[PDB]
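> In the first instance, please consider these chains from the complex; the rest will follow:
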Amino acid sequence: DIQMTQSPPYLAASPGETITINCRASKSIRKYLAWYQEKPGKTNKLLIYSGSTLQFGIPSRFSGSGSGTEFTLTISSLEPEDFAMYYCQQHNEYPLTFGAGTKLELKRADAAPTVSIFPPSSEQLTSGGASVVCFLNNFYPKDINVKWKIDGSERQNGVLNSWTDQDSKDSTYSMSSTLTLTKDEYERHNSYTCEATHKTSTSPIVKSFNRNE
């Protein structure tokens, strides 16, 4: 097998700017590398083949260069719809292999998350479970750390996070951390904290509640 390594994995940029990303093969693939655009709710589009050839119907802002071992893709002038996922595929030998991908993100203004913490719903309590939910909302960039503290102690087990992709209206991320305890463990403590450390603030954004309040 030939190994593709695409760099960078991630990349932020804005409409109008140029970007160019990389794909490196573990051996020589002559000139034979293709590029695919992947977008939610649409089938994978071929953009370039054989290193530099435009696929029929693809705008001339997409361009490709390379031979043997090192290739690039270049988008001349980013268009809103160009923010997407790009993969490279080598077409020089059996077995066909791909790179891992590059995700092309729309850059916007740094944005501090709006934090919210939620105690277990009583309906949950009654059935023996206790989940504390914490929503971290509308922030940029994507990098964030969230930390659960029980009565002052950081607790890692039973925490499930999920992030949204970049918002279609304002380009921001949002998160939800849910620590899940047994109702018996839940009542054994009093203070529940959710702490979010984010590029926008030197000190963490803390939210918590006391079980009797």
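Structure received. Numbers count the residues shown, from 1 in each chain, chains lettered A, B, ... in the order given.
> measure the nearest residue to residue A:158 once chain neighbours are set aside to residue A:211 for me?
Nearest residue to residue A:158 in three dimensions, chain neighbours excluded: residue A:180, at 4.6 Å (C-beta to C-beta, 6 or more residues apart in numbering). C-beta: built from backbone N, CA, C; applies to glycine. To residue A:211, residue A:180 is 16 Å away according to C-beta to C-beta, to the nearest Å.
> Residue A:207: what secondary structure?
Following DSSP: H, G, I helix; E, B strand; the rest coil, we place residue A:207 in the strand state.
> domains of chain A?
With domains defined by curated CATH domains, chain A comprises A:1-108, A:109-211.
> can you put those in CSV and add mean neighbour count?
Shown next, in CSV, are the domains of chain A (neighbours: other C-beta atoms under 10 Å):
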stretch, mean neighbour count
domain A:1-108, 16
domain A:109-211, 15
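> mind listing what residue A:158 touches?
For residue A:158, the contact set (C-beta atoms under 8 Å, 6 or more residues apart in numbering) comprises A:179, A:180, A:181.
> quick one: which helix or strand includes the second one?
Of the helices and strands defined by DSSP states H and E, residue A:180 is found in strand A:173-182.
> Could you tell me which strands that strand is paired with, and in which direction each runs?
strand A:129-139 (antiparallel), strand A:159-163 (antiparallel) (DSSP bridges).
> Could you double-check that the residue nearest to residue A:158 sits in contact with residue A:130?
Yes. Under the criterion of C-beta atoms under 8 Å, residue A:180 makes contact with residue A:130 at 7.2 Å.
> picking up where we left off before, just give me how far the strand holding residue A:180 sits from the chain centre.
Distance, stretch centre to chain centre, for strand A:173-182: 17 Å (C-alpha atoms, centre = their mean, to the nearest Å).
> Chain B follows; place it on the structure:
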Amino acid sequence: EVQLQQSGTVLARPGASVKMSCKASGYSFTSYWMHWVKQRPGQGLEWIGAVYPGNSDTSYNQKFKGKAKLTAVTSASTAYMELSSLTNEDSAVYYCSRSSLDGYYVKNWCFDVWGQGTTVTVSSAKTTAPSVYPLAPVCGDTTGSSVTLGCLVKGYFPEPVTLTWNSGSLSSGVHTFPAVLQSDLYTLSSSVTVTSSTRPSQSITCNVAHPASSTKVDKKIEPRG
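So that you can see how it sits with the rest, here is chain B on the chains above:
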């Protein structure tokens, strides 16, 4: 216009088999190699194999010699892929794609047309409807200006569930998060932020639907006392 319609999602218990389709339209089916690609979340595309419907010949990635059988039915412009001895490993999206050049000797080329993908979920988990709990702010915390309300949807299988806020009439300031696996079962949440004058002065209700278990519930969000 060239299409590739792939079949719907399949669920399969481990060790089992599954067979999926790819219905090709709008070009000479027997003239182009149909390729099958696999995609597991965060792990990049792998090439499985390809079938040349014009002479029913097939080529497989060494990695799938065991796993996959490719076949075509030319009267029906369809290619089939059947995956056997299933494993969690085999839980992924599978695509068929058309080689961008016709002809038998352009085995390894690129692809100009992909199908939307078929989803294979391999699990021992049983069909479970979800518990729907409402998230209402910390006792007496209508904070400054706005207020965020939530919905927790716990322990269901299989995916998906579909959520709306106030029958779908309320729809900005909603964040619905992708489900995550806990042990055997999926769980997901959704937030909705709205001005602190809107509530608790008007009613906000969460609408979960799990088609797989024929559940439809509505939790109205109630202040905490």
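> neighbouring contacts of the strand holding residue A:180?
For strand A:173-182, contacts defined as C-beta atoms under 8 Å, 6 or more residues apart in numbering or on different chains pick out A:113, A:128-142, A:144, A:146, A:148, A:155, A:158-167, A:194, B:152, B:175, B:177, B:182, B:187, B:189, B:191.
> Just the CA atoms of that strand, as PDB, please.
Output in PDB follows, covering the C-alpha atoms of strand A:173-182 (Å, rounded to 0.1, in the frame of the first residue of the first chain):
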ATOM      1  CA  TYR A 173     -19.400  26.100  17.900                       C
ATOM      2  CA  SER A 174     -21.500  24.800  20.800                       C
ATOM      3  CA  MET A 175     -20.900  22.000  23.300                       C
ATOM      4  CA  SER A 176     -22.800  19.800  25.800                       C
ATOM      5  CA  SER A 177     -21.100  18.000  28.600                       C
ATOM      6  CA  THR A 178     -23.200  15.500  30.600                       C
ATOM      7  CA  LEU A 179     -21.800  13.900  33.700                       C
ATOM      8  CA  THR A 180     -24.000  10.900  34.700                       C
ATOM      9  CA  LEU A 181     -24.200   9.600  38.300                       C
ATOM     10  CA  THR A 182     -26.300   7.000  40.100                       C
END
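> That strand: what's the following helix or strand?
Downstream of strand A:173-182, the next assigned helix or strand under DSSP H and E is helix A:183-187.
> That next one near chain B anywhere?
No. Using C-beta under 8 Å from any C-beta of the partner chain, helix A:183-187 never reaches chain B; the gap is at least 12.9 Å.
> List the contacts of that helix.
So helix A:183-187 is contacted by A:120, A:125, A:128, A:129, A:130, A:211 (C-beta under 8 Å, 6+ apart).
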